[PDB]
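Asker: Please find the sequence and an experimentally derived structure below.
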Amino acid sequence: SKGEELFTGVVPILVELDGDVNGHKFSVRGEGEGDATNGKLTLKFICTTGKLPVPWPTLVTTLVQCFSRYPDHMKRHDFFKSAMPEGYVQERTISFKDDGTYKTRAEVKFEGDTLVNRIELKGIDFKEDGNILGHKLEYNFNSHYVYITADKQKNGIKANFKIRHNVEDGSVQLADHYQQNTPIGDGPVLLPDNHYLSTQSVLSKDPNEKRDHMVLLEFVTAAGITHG
C-alpha cells in the first residue's frame, strides 16, 4: 500500500545486466520510465560491451513487473508493488525449446527515487547454429499470458508462461519461463490469488544510435479475477 504510493506517477528506471551465454560475456544498461497507472514502460537499452551475442528479443523478459496496471478490484493481489521500496528477488529459468537455457537472478528495488533492476544472467547449452546464437529471431515481440500463483511457503509468488519468439523462416521459437519472486525486506506483502498479466510490446531502433541497442515500449495489465 505504501509500496503502491510509490507508483502513482512516472518513475525513473535503471536496468543493469551482466550476462554470460556459452562463455560469451556481455553487459546491458537500460534507462527510461514506468507509468504503472497506464501499465506502461518506455526504455532504451545499450549493449555496453559491444555486439550483443544473443538476439535482443531473448532478453526482454529479463530486462520490472511492479509497473503492471492492476485494476482496482485486483489491487490486493499486487505482490510486486507491495514489496517496495525494499524490493524483491526475481529468479528465472528460461528454457528455449530445442536449444539452451538462461538462468537469471535479479534484484528489483528503489535506490533513491529510481526503480532499479540489477540482473545476473547465465546461459548454457546453446546451439551455435541455432536460432539464438545464429541470430535468426525476428526483431519483434508478441503478447503473452503471465500466470501468477503465490508461494505462501516463501512469502512470494511464482509465475509460469511461454514466450513466443517469431523466427525468420516463419516458425516460432518457444521460451518456457519458470519464475519465482521473494521479498527482500521482512515487512508485510500481498500474496495473490491466481491471476495473470496480459502483456504487449514493440521493439524498435533509434536512428541516431550507433551502439547495439533496443528501444522498447511495453504495456501490461493484470487480469483473470472476476469483479465481485
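Answerer: Sure thing, it's come through. Numbers count the residues shown, from 1 in each chain.
Asker: Any figure for the gap between residue 29 and residue 77?
Answerer: 32 Å (C-beta to C-beta, to the nearest Å). No exception for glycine: its C-beta is placed from N, CA and C like everyone else's.
Asker: The two: which has the busier surroundings?
Answerer: residue 77 (22 against 15; other C-beta atoms under 10 Å).
Asker: Show the backbone phi and psi for the more buried one.
Answerer: When quoted as degrees, to the nearest 10, the phi and psi of residue 77 stand at phi -110, psi 10.
Asker: what's near enough to touch it?
Answerer: Residues counted as contacts of residue 77 (C-beta atoms under 8 Å, 6 or more residues apart in numbering) are 70, 190, 192-193, 195, 222, 225.
Asker: could you flag which of these are buried?
Answerer: The neighbour-count test (16 or more other C-beta atoms under 10 Å) marks 70, 190, 192, 195, 222, 225 as buried among these.
Asker: Among those residues, which pair sits farthest apart?
Answerer: Maximum pairwise distance among these (C-beta to C-beta): 12.8 Å, between 190 and 225.
Asker: Pick out the residue closest to the middle of the protein.
Answerer: residue 61 (3.3 Å; C-alpha atoms, centre = their mean).
Asker: Surely that residue forms part of a helix?
Answerer: No: looking at residue 61 with DSSP: H, G, I helix; E, B strand; the rest coil, it is coil, so not inside a helix.
Asker: how far away is it from residue 20?
Answerer: Residue 61 sits 18 Å away from residue 20, going by C-beta to C-beta.
Asker: One more: residue 112?
Answerer: From residue 112 to residue 20 the distance is 29 Å (C-beta to C-beta).
Asker: Of these two, give the one with the bigger neighbour count.
Answerer: The neighbour count for residue 112 versus residue 20, taken as other C-beta under 10 Å, is higher for residue 20 (14 against 8).
Asker: Report the beta-bridge partners for the more buried one.
Answerer: Listed by DSSP bridges, the beta-bridge partners for residue 20 are residue 25, residue 122.
Asker: Quick check, it in contact with residue 119.
Answerer: No: the criterion here is C-beta atoms under 8 Å, and residue 20 misses it with residue 119 at 11.9 Å.
Asker: Show me what the helix or strand that contains residue 117 is packed up against.
Answerer: For residue 117, the host element (DSSP states H and E) is strand 114-124. When contacts are defined as 3 or more C-beta pairs under 8 Å, 6 or more residues apart in numbering; DSSP states H and E, strand 114-124 sits against strand 10-21, strand 101-111.
Asker: for that strand, the distance to its chain's centre please.
Answerer: Chain-centre distance of strand 114-124: 9 Å, with C-alpha atoms, centre = their mean, to the nearest Å.
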